[PDB]
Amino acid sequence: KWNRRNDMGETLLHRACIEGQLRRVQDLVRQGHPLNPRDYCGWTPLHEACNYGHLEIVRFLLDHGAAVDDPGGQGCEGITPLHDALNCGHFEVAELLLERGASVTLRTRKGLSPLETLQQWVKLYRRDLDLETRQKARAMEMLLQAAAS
């Protein structure tokens, strides 16, 4: 009944938290969706939200569900939402995902781990980062490292 998609396998919930429409996401989530639906690549509406964040969209989302730790659908290389958020450097969102749950041992195996993902993100963007950005990344970097312990 609820699951019918566009030609990428994208549910109606996906599109809202893709384009980051909060007044849409809200209204839709009301009646709206079985969660962890996987589009044709295997992502979930929380991936999209984390990936684009859309901080105040992912807050509405992580509320309901939960759905907060979702692995990869095959072919999408097994990327958790925190992995995704660390790939997109949305730290306020990465911080949000750490409350209400966390995968931090996830070691998502693109060959890498959550810290390694952030580290490779930093390495790649080393020049071009703000002061504030460099600092958000340091916090997060010491925080993840002290997670495994």
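The numbering used is simple: start at 1 and walk along the sequence shown.
- Look at the C-alpha B-factors of 80-88 and of 64-72. On average they run higher in 64-72.
- Across the two stretches, 40-48 and 101-109, the PDB entry reports the greater mean Cα temperature factor for 101-109.
- Which of 127, 24, 14, 138 has the largest Cα B-factor in the deposited entry comes down to 24.
- Among the modelled residues of its chain, residue 53 has a C-alpha B-factor that falls in the middle third according to the deposited record.
- Among all modelled residues in this chain, the alpha-carbon of residue 147 has a temperature factor (C-alpha) in the highest third.
- Split the chain's modelled residues into thirds by C-alpha temperature factor. Residue 10 is in the lowest one.
- Annotation for residue 93: C-alpha temperature factor in the middle third relative to the rest of the modelled chain, per the entry.
- Among the modelled residues of the chain, residue 33 sits in the highest third by CA temperature factor in this PDB entry.
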